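Only one chain is given next, in structure tokens, and it is the form deposited in one PDB entry.
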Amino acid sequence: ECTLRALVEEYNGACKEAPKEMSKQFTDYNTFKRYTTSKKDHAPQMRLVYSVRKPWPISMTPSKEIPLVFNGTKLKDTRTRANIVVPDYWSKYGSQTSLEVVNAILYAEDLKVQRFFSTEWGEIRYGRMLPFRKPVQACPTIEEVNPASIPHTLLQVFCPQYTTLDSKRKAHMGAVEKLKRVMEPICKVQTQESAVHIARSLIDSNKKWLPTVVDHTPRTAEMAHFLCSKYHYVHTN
């Protein structure tokens, strides 16, 4: 198969060009995963104006679906670098994907929009009210998942073959089958790191310090930025 041959050739390339790096311990990956020579920029927001206005601001993977010159405008430097208007061109004359892929990509984000518009708002009440902050679950999840079992739930969805019995045991079943069904169109070699990110946010029960007038359910915690304040309270039905 093409995928296996591509993986083998890249593996032999790594052994040849980087022998010493391949002789390191596999646990060292947690260290050189972030091995960057470039120094941390304390003010990255301060270079954006110049970076956007440089010639060829965007770095792109080589492809043929983007013309070299489009209506007198050179789009690519012919890795290769793209013009700032390349994403604008792709929004009109780009290659389309399946609707299932779009639905999976917008999952865990379309849900937040539906929750906002599927709830009715009571009248705003103004008064002397004291917002006291407690740690609560910020975002609603498809299934209630114990922390420190989130990674084990993710393993079953994505790579159930590369796991142990105990990791299998300490994984939320019921959330695996919901995650597998909705993430199926995007569980591939590409967008694997993306699909994990949506998978995490769908069952992530992280706690954040949010203003409270009454105890927040997970539904109302993601909207606490406007439900309550020092002078107003909004009632949600």
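Residues that one form lacks are left out of the comparison. Rigid core: the largest C-alpha set superposing within 1.5 Å between the two forms. Numbering starts at 1 and follows the sequence shown.
Keep in mind that the form deposited in another entry is missing from the display, and what follows is about it.
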*Rigid core superposition, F32 Cα moves 2 angstroms or more between this form and the one not shown*: yes
- Query: Superposing on the rigid core, does the Cα of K16 end up 2 Å or more away between this form and the one not shown?
  - Reply: yes
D41: with the rigid core matched between this form and the one not shown, does its Cα shift 2 Å or more? yes
Of the residues shared between this form and the one not shown, runs of 3+ whose Cα all shift 2 Å or more on the rigid core are 1-42
